[PDB]
């Protein structure tokens, strides 16, 4: 598959992580109106992979739009020429902007690629949180290898790519605390290898919209 993408970055503004929640927060109000950004419909939550995601990286804001659906909103409302951004409650003027856009490969590969997490992963849903906390660590390692396959399966579906070859994964990951919705869920930093191809800065796992689970090739 070929996936069309566009990154938007504001290098002069720097924020702490995860003001990614707040970075997303601010676009959620100035753009309640079109709701790729907000991700809400009928006052009910939309259960698809976010084609607009807000991340905080190195250590300045990044906005990802994916596919024709994501990119076109990004252009249609002129976000890259955007006036002042505001975060709790302080105002940062947006003075210089770098936009990047291209389409590069997405899909299963017979060659094995190495990725790294910019942000915690948050691979554990509510039931999976619990299984993992009653397990020894050879087995923890085997559970996570299962979740990550699922995450690739989840994501590739909502983007209309069905996989007809076998995914295999190797992980070197170490556990890291993440506070989210005033609760102390668990997250992971680290490295992983896979016979799948991911374009840069895409997220996997839970809460990908707020910038969690951000991946880049090495």
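Numbering follows the first chain given and starts at 1.
- The PDB entry records a higher mean C-alpha B factor for 33-41 than for its counterpart among 47-55 and 33-41.
- When the C-alpha B-factors of 17-25 and 202-210 are averaged, 17-25 comes out higher.
- Among the modelled residues of the chain, residue 163 sits in the highest third by CA temperature factor in this PDB entry.
- Residue 189: CA B factor lies in the lowest third for its chain, per the PDB record.
- Among all modelled residues in its chain, residue 156 ranks in the middle third by Cα B-factor.
- The PDB entry assigns residue 60 a C-alpha temperature factor belonging to the middle third of its chain's modelled residues.
- Looking at the C-alpha B-factors along this chain, the one for residue 118 belongs to the lowest third.
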